[PDB]
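Here you get one chain, nothing else, as structure tokens; it is the form deposited in one PDB entry.
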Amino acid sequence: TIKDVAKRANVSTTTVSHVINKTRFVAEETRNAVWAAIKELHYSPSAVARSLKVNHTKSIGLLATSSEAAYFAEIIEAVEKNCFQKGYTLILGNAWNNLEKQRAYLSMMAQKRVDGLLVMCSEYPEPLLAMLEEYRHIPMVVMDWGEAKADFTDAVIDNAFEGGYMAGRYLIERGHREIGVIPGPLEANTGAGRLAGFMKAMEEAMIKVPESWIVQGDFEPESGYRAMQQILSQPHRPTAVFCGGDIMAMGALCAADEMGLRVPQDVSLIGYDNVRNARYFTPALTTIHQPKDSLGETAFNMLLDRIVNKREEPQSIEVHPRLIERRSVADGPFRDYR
């Protein structure tokens, strides 16, 4: 312990503490001795003691949903990098969209007194929004809303709507008029918001999407698989499909292949997320890219701000998706007619 170090050095703990944090000038001679002891005694200064006094843990908490999913996984790795460099420690929490679970992690977190909170819960019911407020005191930012549901947080917005729009536009411009869509959960932003952006372009083009052509997924490859199936497993099928998430796309690809349908020669498919290895899908996936690192870094930043420069007001920063052309889309029947 520090006392033990001070003794081996025959200096006061104050001195020990000062040399360890260079918070005041100490003589070389003195300072070496301290180091010496620190070394033999093999000292590890306790963060708990420290945090207890200085009042901050240099530790931040990520209340996510799941961390296996490619999408999430990439964001997280991002956030960790940032924590690491500004010297923060990341406490990861998966709540699986479970309220109970969510109230639990929130609670352990406050208790562990994290400096700030990163939230990525996918769906926000009032009960959740409500819980979150009970912690306005701990600084936080939600990284997955589409607009700013609340006033007690910072927020980074992904313009998912404008992504939906881009996707649809692309298909339209490639000659397609018979399109289907497998969207992600409507209770989520990246679900509802992308569908909507997609539907605007359709309506702008006077394209009507037969309900038998829209099939809900859940971002999981299985959902993709079933959706595609149900789509192509029908009398009249579209020539192209907009799928709200790369991993589901992955699944949508498999099924087509399984029905002996050729992509994109038989069906064109466009995804969304540009997950780390969508380029190695077969065929190489054409998708909308979501800035995951920037989404992370930007979030970590507004937090640190609030944390460091004691900011009180809610902030919000937009971020922008962009189209990545790969090999899963092919001209439609109307390309030549424009």
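Quick note: we count residues from 1 along the sequence shown, nothing fancier. Throughout, rigid core stands for the largest set of C-alpha atoms superposing within 1.5 Å between the two forms.
Between 212 to 220 and 228 to 236, the higher mean Cα B-factor belongs to 228 to 236. Higher mean CA temperature factor, per the PDB entry, when comparing 146 to 154 with 177 to 185: 146 to 154.
Note on the listed residues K81, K112, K101, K200: the highest Cα temperature factor in the record is that of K81. Highest CA B-factor among the listed residues (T282, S51, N277, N309): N309.
Sorting the modelled residues of the chain by their CA temperature factor places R169 in the lowest third. For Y88, the recorded CA temperature factor ranks within the lowest third of the chain's modelled residues. When all modelled residues of the chain are sorted by CA temperature factor, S268 is found within the lowest third.
In this PDB entry, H18 carries a Cα temperature factor that places it within the middle third of its chain's modelled residues. Compared with the other modelled residues of the chain, the Cα B-factor recorded for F242 ranks in the lowest third.
There is another form of the same protein, the form deposited in another entry; it is not shown, and what comes next is about it.
Lining up the core between the shown form and the other one shows that one residue from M199, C83, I247, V215 moves its Cα 2 Å or more, and that residue is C83.
Relative to the superposed rigid core, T282 undergoes a CA displacement smaller than 2 Å between the shown form and the other one. Core-superposed comparison between the shown form and the other one: CA of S122 displaced by 2 Å or more. Once both forms are fitted on their core, a CA shift of 2 Å or more is seen for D144 between the shown form and the other one. Compared with the form shown here, the Cα atoms of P221 and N97 move at least 3 Å farther apart in the other entry. Relative to this form, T153 and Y124 approach one another in the other entry, with their C-alpha atoms ending up at least 3 Å closer.
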